Protein chains: 2
Amino acid sequence: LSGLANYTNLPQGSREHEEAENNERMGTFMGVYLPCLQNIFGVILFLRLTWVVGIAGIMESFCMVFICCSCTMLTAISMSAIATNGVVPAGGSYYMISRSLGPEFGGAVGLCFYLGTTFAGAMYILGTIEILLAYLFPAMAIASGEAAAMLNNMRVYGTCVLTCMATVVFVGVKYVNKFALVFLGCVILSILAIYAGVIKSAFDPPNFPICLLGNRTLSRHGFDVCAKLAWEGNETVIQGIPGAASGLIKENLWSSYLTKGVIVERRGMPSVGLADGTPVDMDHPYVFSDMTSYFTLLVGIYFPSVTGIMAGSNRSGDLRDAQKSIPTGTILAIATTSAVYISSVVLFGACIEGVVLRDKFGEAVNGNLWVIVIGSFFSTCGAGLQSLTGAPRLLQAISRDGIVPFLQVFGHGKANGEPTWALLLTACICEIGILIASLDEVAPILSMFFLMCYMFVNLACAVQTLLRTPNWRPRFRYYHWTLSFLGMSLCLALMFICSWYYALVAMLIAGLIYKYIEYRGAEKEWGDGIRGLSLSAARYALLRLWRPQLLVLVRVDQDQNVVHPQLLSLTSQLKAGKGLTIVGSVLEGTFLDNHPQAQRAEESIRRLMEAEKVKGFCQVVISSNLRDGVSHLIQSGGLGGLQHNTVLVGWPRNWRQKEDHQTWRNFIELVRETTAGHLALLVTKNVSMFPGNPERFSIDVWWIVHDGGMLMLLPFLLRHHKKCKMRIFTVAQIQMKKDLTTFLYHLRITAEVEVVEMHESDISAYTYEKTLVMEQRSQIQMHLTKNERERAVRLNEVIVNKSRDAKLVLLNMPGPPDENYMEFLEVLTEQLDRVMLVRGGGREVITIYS
Amino acid sequence: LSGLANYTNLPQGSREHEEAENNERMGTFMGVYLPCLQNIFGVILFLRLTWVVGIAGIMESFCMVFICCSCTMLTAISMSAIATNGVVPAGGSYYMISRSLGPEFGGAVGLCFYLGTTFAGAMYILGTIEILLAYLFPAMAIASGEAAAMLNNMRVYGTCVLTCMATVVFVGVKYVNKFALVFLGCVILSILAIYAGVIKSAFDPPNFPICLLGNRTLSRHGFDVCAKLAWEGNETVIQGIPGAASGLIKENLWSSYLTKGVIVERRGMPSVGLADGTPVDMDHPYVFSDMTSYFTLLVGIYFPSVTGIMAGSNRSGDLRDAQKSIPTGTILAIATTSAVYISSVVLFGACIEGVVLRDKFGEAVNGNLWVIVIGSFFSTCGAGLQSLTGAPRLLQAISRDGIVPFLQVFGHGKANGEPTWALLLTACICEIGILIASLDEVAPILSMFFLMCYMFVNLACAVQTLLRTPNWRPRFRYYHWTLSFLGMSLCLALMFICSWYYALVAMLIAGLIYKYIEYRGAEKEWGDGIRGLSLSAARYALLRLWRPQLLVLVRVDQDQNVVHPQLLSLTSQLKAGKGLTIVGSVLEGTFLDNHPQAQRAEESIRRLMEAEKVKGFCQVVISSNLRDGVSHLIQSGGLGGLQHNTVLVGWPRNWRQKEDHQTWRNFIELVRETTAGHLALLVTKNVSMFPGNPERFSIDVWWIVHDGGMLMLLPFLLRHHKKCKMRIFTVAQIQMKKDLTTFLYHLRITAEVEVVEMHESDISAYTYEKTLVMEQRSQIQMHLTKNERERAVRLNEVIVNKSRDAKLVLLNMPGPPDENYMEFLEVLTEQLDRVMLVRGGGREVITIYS
């Protein structure tokens, strides 16, 4: 049989995910459209929507229906955005949200959706026997102005039918498997019946009114007359008159005003007159109003009729595509119901005084070809039985995963699915919602749970897009993060409109399970608890993943003692504890023989590191050769994207001292290593006589043609720690003075002067490098506030001492040559006291604060 | 002069921090106690506190004063906790909070405190000319039932005096330096005067009442009589009578009930009688009430009289100790004012009908030896002038640091401190608070700003203690994080009691500067912006800083290709993407010559790593020798506390094949390296024939006497990925079967059997190791759910094949011997198909889920 064979509305659950994953059909969109439509036409269309049309303006209830439509369509867009970033495995919406958001939003969404559905199981079981006591045969339990006796009347019948359909769901769930299609017919025939009844628009059951009252005609069947026969009659009930209008009009209503009664008698708008001035506290045959009916009390009664869209994707796996059927079988399925709730709210501009909630001559809607008062019974029974079976099967899915540890008992089952203890708990926490025993006070409770469940989805699917989580890539139309952010804001606003003093409490509870799952999850994988949390956060911040962040290469003395703490005193003030600093070292060979040496060395360097007030990490490597215990730090510094950008090192002071030292072959191989690794180098020459604690009271930099721009960030970073003047000294072989002055003034950096120096001959030059630098520069904008200049090696001229010997000096090193490394060791320390030779890499974009 | 020489109440600020830090006195506690007391006795004690005693119950206003006392004392405890974890440098409270919390809470506290003080400058300038228009000579600006003409009256005089003391603060701030002591006398003489007046308790200025009315005696000076002379008189104003009580009683009041008027006439509690039933909408000589006076409207009018405690530490640096004077000069200074507000609220149980706000015969308090109506003028002038000078000096301190980038203009000054544009902005945003022009509506605005400023301090100083930030160690009595958490909760509750729809808005604004400072701060130090944020978060989560987190040692083929992806398929299912996994490799030498080899190798291994669904980091090291390119990974794996706990490696398959291979000396040196590094080892023997994607359908472990407990975590981790049975097989040479069965059942792990095997001889044994393990075990509890057992090497018996050849096998390796490493290569692969040899370290606590 095409269609009706193998069709339900109940969700998939836990067992049909276990089967789909252990052993590792094909319904169309029409099997995921109709279940989204079946459980969304609930009970607030048949017996409370016309009261919303009556006890509020049509131009206010239109805005109510529109904003409650947008509040859930803008979340079904996020359901479209979640159904494409993965393989949409099996089970209901819970496994989708869990495997697409981690366990942490999955628990906080699943518990709120469970608390929503387990009060849906109360709100529909409480409105399915109002029909018995108001429209079918009354079987009440007792008079004399008793308005709270109906409360105790409805409690016992509600508890009886709750035990009835909690029994019939435990045994014989194949029965509600079988009856899954007639519950759709009982909705759709009744709604087509009332559209046909509006299309008739001819007849009316008339009412009977007083002068400006309602005169509820339960037993007053004398047809609006005090006395009319051959002799007079009693009709004992008077004050002014008694007319008889016809309520079910068809031509024109113009009921576009808000008439909010407050526990008083109903009144037609200017029928004849009114003439009294006294107390009117009688209890006679008149139709009163139940409670006050302001706006924010009414939106929380309307909102449970637009809920259940994530139960429109509970049929996963059994689809054939499941990545197009979930969006187009929900957005169409929410639009085809929004069309009903918007056309019907203005298409009830035919009745007159539909503000009476219960009855005037005992009829609910009365605009159809008496069908609706039994079609709206099996519909409400089925929508209260779907929310009964579905709710324990969600506790089984939450408890099965071990996401919550004290949810251990509730994954028991009876030999094939069929949750047992979860049905007991949902019966208890539905029973504590049935003792409230009024349909208008369980709706702002149920509404708030579905609002926070819809709000956490929009909060998650907009923060996964900003914070680029790796397994988060949606493949659907729209679903932009601004749209889900508007969904967040709209769901949060409609949460605080309903009841804010419950919104804060039930959001701080739902924002507290999200930390408890994080504690019990960060304990399982790291084994520590309070450290694994911080540790896990570091792992996520690395997996989700200019200014110099450096590795400093100090060496250790004959003991486990550092040899030049002035280098640490220079790197503390170059960087000021703002960034990444790896402080490495290297020892002799064979870790077996020397691990106490490295232990005491890292203890000493960690003692030094906090004394100079620098925040970083130490790594001490034991290696056989001294060279490849440095080239095994440069290649492997930080862990992930925390790569060191540059390497700082001291000059080899005792060069050419020993006979076969080979400690400067180490240095030249280091320079070639750092340059061919695309990495910058900072070598300090006279490592002693650098200031530590003591302050000072003219930093001079020497722009050679290469590697500039880095030459002016470093004094710009040094002056923030203990402040002198600075002298830019460029070299050339004209108009660049004005360009450099405008560049230094456009940054408004400091009091930097400028001197133009022209040298006929200066080595370390190559013209085919700016064309290699511009290929990387163009691969990266407008408003370029960066320094771009248009226009045997002796190096014994050395004009950089005629205006020098004042303060810290900076220069560019020449490029390394190959053989003849001893000829590369030219030393520019003819008279320079302290100097820090720099050498940049290739890719150095220095845009802001250069 | 001892005392009065060099004493102010104004805060320190920006310039006197710059001077204290560029050039790098001695007042006692009495110079930090009295400034905390001077600006806390504001204007709501003299002209609105008695209205709170009158228009609310004394047993409700007592609870009001008590909870507003606790709300700020429980924050001054956090001010004690912040004043000891550092060196309390200079400036006001802003530099303390900034340097002790980072810039991020510092900006969000400084802006809220600035917005609090700049409306203090309005609330005191608006209540300093109510005294002119109600108690001094009226100079009003126009009658005939005009209650809003007083509003427009007060606006122009308030704007005039605001321009007056905004002018006199810009030029001649040495004048308010000079007058800083008389403003304390004008408080303390007046409050001692009213205590002396209560100590008198003898006399009274009497009033004149109607039957049950107040009869405001502005011009009705006929002394409560209709006509009394030799002839009658008019007194034209009647209804019932006119008595004349005496208000200022002394014996007994018993006014302990809440009498909340709502825009009606005042009425004594049962004076004589009342006799009328009609409309009473006249405007005659009677004292009416201004507005409704419910409780949460009144706590937000009382709260601006307990504010200003962080201006009790604005005198930093100029103290001599500053680490004991700040707590004991604030807690005593808040207790000595709480004592006043609690004794005075029950010590106004002497007056009668003090519910009239403005005047009955033109007197404010009238319980002193007329002094108070001028002592409460200079006090309010000084407390409105302190909040004028202080507020721009705080914008200078916020703008100077560059914490906020668009606050660039407001650090201008005039040649020595003296902020100029900040005074213009605080004049404008005080002027938009003076146009509200009512003292009772600028107080729930000002109150909310000081409440969120007090709430962020309690939020910061309780999260710095849980999350162990390194430069956060307080050294003061109490200051426990539960106490500051109660401060958080109490400040948040008193925030939402006042005005919740402004609480959410002005908390989402103050929770939005905290992210803008984080964006503009994480851009300055990392240069990237959106990545530096995540990067910075990783750095903080590492600096703030059992289950195996492993480094796997794969090797690369003749190309840049991996050689055994089954090892990655084993480490994907051993760990399931939950933890840290470093996937290392090693190549030939000389990085210069081989960096494209390492580039393509890490590209290939990163291609493989995501294909097996394992989340980790790859590091590829080029080194000359193949050995110390492995021992330079084991010593330096992860960056900080993300150290790899164990090393996984494949067995050398082609052992003893080449003539001089020396690839197994590598392996034995690896085993000695890993054991003497206190690190665990996992070596897979037959690396091919391990399952990848395909599932399976009897894991057997072999407990040798050493290193157990780890032997049962690994199958317990393997079965969560694709599920067979398991066989525990221990060895001995009795009662341990029952102990092992109770241990395996107490964890309720799986269907593990148990076989006891006894061998007469088995090598790799030493008895003096459990005494070395128990020294580490005792250094770590109760309810020990861990496995603790009480009771030429041949290795050719090999009884581990009589019940074997089924599934994955696990064993303990023997300890390495020294020479004769080729004799250590005994192979237990007589018939075992797949086997993963394990070897633990020393420190393996395996408490939960073993």
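In terms of determination method and resolution, the entry is listed under cryo-EM at 3.8 Å.

What follows covers the overall build of chain A. When helices and strands are tallied, chain A shows 26 helices and 10 strands. With the principal axes as the frame, chain A shows a C-alpha extent of 140 × 65 × 50 Å.

Every contact between the two is made by 56 residues of chain A and, on the other side, 55 residues of chain B. Broken down by element, the residue count for the side of chain A that touches chain B peaks at eight residues, all from helix α18 (residues 530-543) of chain A. Across the side of chain A that touches chain B, the residue classes tally to 22 nonpolar, 20 polar and 14 charged.

All names here are of chain B. Relative to the elements of secondary structure, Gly86 occurs in the loop between α4 (58-82) and α5 (93-126). Once the C-alpha coordinates of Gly86 and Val109 are considered, the two residues, 23 residues apart in sequence, prove to be 18 Å apart. Leave out the neighbours within four places in its chain, and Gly86 touches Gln323 and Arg475.

What follows covers the sheet that holds strand β1 (residues 550-553) of chain B. All names here are of chain B. Taken in spatial order, the 10 strands of this open sheet run β3-β2-β1-β4-β5-β10-β9-β6-β7-β8, and their pairing is mixed. Looking along the sheet, the strands with just one partner apiece sit at the ends: β3 (617-621) and β8 (753-758). Each strand of the sheet is rotated relative to its neighbour by a mean of 20°, with strand direction disregarded. Bridge analysis of strand β9 (residues 809-812) against strand β10 (residues 835-839) gives four bridges, and the strand direction is parallel. Pairing of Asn812 across the sheet is with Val838, part of β10. Together, β2 (581-586) and β3 form the strand contacts of helix α20 (residues 591-611), whose direction differs from that of β3 by roughly 155°. On top of the sheet, helix α22 (residues 665-676) reaches β4 (646-650), β5 (680-684) and β10; it is set at about 150° to β5, its chief contact.

On domain assignment, one finds that chain A holds domain 1 (15-204 + 294-498), domain 2 (499-545) and domain 3 (550-839). A separation of 43 Å is found between the C-alpha centroids of domain 2 of chain A and domain 3 of chain A.

All names here are of chain A. On the basis of which strands lie adjacent, the open sheet formed by 10 strands has the order β3-β2-β1-β4-β5-β10-β9-β6-β7-β8 and mixed pairing. Bordering the open sheet on either side are β3 (617-621) and β8 (753-758), each of which pairs with just one other strand. Averaged over all neighbouring strand pairs, the angle between strand axes comes to 20°, with direction disregarded. When strand β7 (residues 726-732) meets β8, the two strands line up parallel, connected through six bridges. Paired with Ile728 across the strands is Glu754, a residue of β8. In the packing of helix α20 (residues 591-611) onto the sheet, the strands contacted are β2 (581-586) and β3, and the crossing angle to β3 comes to about 155°.

Residue and element names in this part refer to chain B. Even without being a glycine, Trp254 presents a positive backbone phi close to 50°. Tracing the backbone through its elements, the reader meets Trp254 in the loop between α9 (182-200) and α10 (295-302). Non-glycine residue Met689 carries a positive phi angle of around 55°. Checked against the element boundaries, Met689 lands in the loop between β5 and β6 (699-703).

The next thing to look at is the packing of helix α15 (residues 439-466) of chain B against helix α17 (residues 500-522) of chain B. Residues and elements named next belong to chain B. Their axes nearest at 11 Å, the elements α15 and α17 cross at an angle of 50°. On the basis of their axis angle, the class for α15 and α17 is oblique. For the crossing formed where α15 meets α17, the hand is right-handed. On the side of α15, the interface is formed by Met448, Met452 and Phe456, while α17 contributes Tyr502, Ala503, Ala506, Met507, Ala510 and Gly511. Its residues assigned to classes, the contact of α15 with α17 shows eight nonpolar, one polar and no charged.

Below, the discussion takes up the pairing of β3(B). Residues and elements named next belong to chain B. Pairing of β2 with β3 involves five bridges; the strand directions are parallel. Bridge pairing in β3 places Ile582 opposite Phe617. In the classification by handedness, the crossover that spans β2, the intervening α20 and the parallel β3 is right-handed.

Further remarks concern the relation of the copies chain A and chain B. Rotating chain A by 180° and moving it 0.1 Å along the rotation axis overlays it on chain B with an RMSD of 0.0 Å. In the structure described here, the two chain copies are related by an operation that fits a two-fold rotation axis. Interface overlap between copies: 96% of the residues of chain A at the interface are likewise at the interface in chain B, consistent with a symmetric, same-surface contact.

Turning our eyes to something else, we now look at helix α13 (residues 372-400) of chain A. The first and last C-alpha atoms of α13(A) sit 42 Å apart over 29 residues, in line with the 42 Å expected at 1.5 Å per residue. Directly after α13(A), the chain includes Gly402(A), whose backbone phi takes a positive value near 70°.

Bringing the pattern of salt bridges into the picture now. In this structure, the salt-bridge partner of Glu19(A) is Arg15(A), at a minimum N-O distance of 2.5 Å. You can see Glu19(A) and its partner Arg15(A) sitting in helix α1 (residues 15-22), four residues apart, about one turn around the helix. Linking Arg627(B) and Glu673(B) is a salt bridge whose minimum nitrogen-to-oxygen distance equals 3.9 Å. Placement of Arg627(B) in the loop between β3 and α21 (631-634) and of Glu673(B) in helix α22 is noted, with a sequence separation of 46 residues between them. If you follow the salt bridges from partner to partner, you end up with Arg15(A), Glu16(A) and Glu19(A) in one network.

A word on the packing of aromatic side chains. Each aromatic ring pair is summarised here by two numbers: the centre-to-centre distance and the angle between the ring planes. With a centroid separation of 4.7 Å and an interplanar angle of 50°, the aromatic rings of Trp702(A) and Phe729(A) are classed as tilted. A centroid spacing of 6.2 Å and a plane angle of 90° characterise the contact between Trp500(B) and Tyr501(B), whose relative ring orientation is edge-to-face. An aromatic cluster of three or more residues is present, and its members are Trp500(A), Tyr501(A), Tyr502(A), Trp500(B), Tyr501(B) and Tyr502(B). Directly above the ring of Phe179(A) sits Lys178(A), whose terminal nitrogen or CZ lies 5.5 Å from the centroid.

Residues and elements named next belong to chain A. Contact geometry of helix α9 (residues 182-200) with α13 gives a least axis separation of 8 Å together with a crossing angle of 145°. As for how α9 packs across α13, the hand of that crossing is left-handed. On the side of α9, the interface is formed by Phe183, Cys186, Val187, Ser190 and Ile194, while α13 contributes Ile372, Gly375, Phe378, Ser379 and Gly382. Across the contact of α9 with α13, the residue classes break down as six nonpolar, four polar and no charged.

Another point: the side chain of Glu130(A). All names here are of chain A. Turning to its location among the elements, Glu130 is positioned in helix α6 (residues 130-134). Within the local environment of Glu130, its side chain forms a polar contact with the side chain of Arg48, the two groups lying 3.1 Å apart. Contact partners of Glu130, with chain neighbours within four places excluded, come to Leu47, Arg48, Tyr135 and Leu439.

Now for the pairing of strand β1 (residues 550-553) of chain A. The two faces of a sheet get side chains in turn, since along a regular strand they alternate between them. Residue and element names in this part refer to chain A. Examined bridge by bridge, β1 and β2 share four bridges and lie parallel to one another. Bridge pairing in β2 places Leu551 opposite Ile582. Taken together, β1, helix α19 (residues 565-575) and β2 form a β-α-β motif whose crossover is right-handed. Pairing geometry for β1 and strand β4 (residues 646-650), over four bridges, is parallel. The residue of β4 that forms the bridge with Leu553 is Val649.

What follows deals with helix α7 (residues 149-170) of chain A. Here α7(A) contains 22 residues, and its C-alpha end-to-end distance of 32 Å stays within 8% of the 32 Å for a straight helix at 1.5 Å per residue. With its phi angle positive at about 70°, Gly172(A) sits one or two positions after the end of α7(A).

This next bit is on the environment of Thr307(B). Residue and element names in this part refer to chain B. One can find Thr307 in the loop between α10 and α11 (325-328). Sequence-wise, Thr307 and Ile334 are 27 residues apart; in three dimensions their C-alpha atoms are separated by 9.9 Å. If near-sequence neighbours (up to four positions away) are discounted, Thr307 is found in contact with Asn39, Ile40, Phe450 and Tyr454. Engagement of the side chain of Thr307 in a polar contact is seen with the backbone oxygen of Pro304, the distance being 3.4 Å.

Residue and element names in this part refer to chain B. Inspection of the secondary structure puts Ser14 in the segment before α1 (15-22). At 3.1 Å, the side chain of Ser14 forms a polar contact with the side chain of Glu18. At a separation of 3.3 Å, a polar atom in the side chain of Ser14 contacts the side chain of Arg400. For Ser14, the residues in contact, after removing those within four places along its chain, are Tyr95, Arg393, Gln396, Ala397 and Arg400.

Cut-offs used in this document
Residues numbered from 1 in each chain as written, not as in the entry; some residues may be left out. Chains lettered and ligands numbered in written order. Heavy atoms only, no water. Residues with missing side-chain atoms left out of burial classes, pairs and counts. Helix = DSSP H or I, 4+ residues; strand = E, 2+ residues; numbered from the N terminus. Contact = heavy atoms within 4.5 Å. Nonpolar A, V, L, I, M, F, W, Y, C, P; charged D, E, K, R; others polar. Pairing = 2+ DSSP bridges. Axes fitted to C-alpha atoms, helices over the stretch in contact; angles between N-to-C directions. Domains from an automatic or database assignment. Parallel < 35°, antiparallel > 145°, perpendicular 65-115°, else oblique. Left-handed = near helix turned anticlockwise from the far one by under 90°. Right-handed = clockwise from strand over helix to strand, strands pointing away. Least-squares fit on C-alpha atoms. Expected span 1.5 Å × (residues − 1). Salt bridge = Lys/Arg side-chain N within 4 Å of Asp/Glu carboxyl O. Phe/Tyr/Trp six-rings, centres within 6.5 Å; stacked < 30°, edge-to-face > 60°. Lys NZ or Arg CZ within 6 Å of the ring centre and 35° of its normal. Polar contact = N/O pair within 3.5 Å; in protein donor to acceptor, adjacent residues only side chain to side chain.

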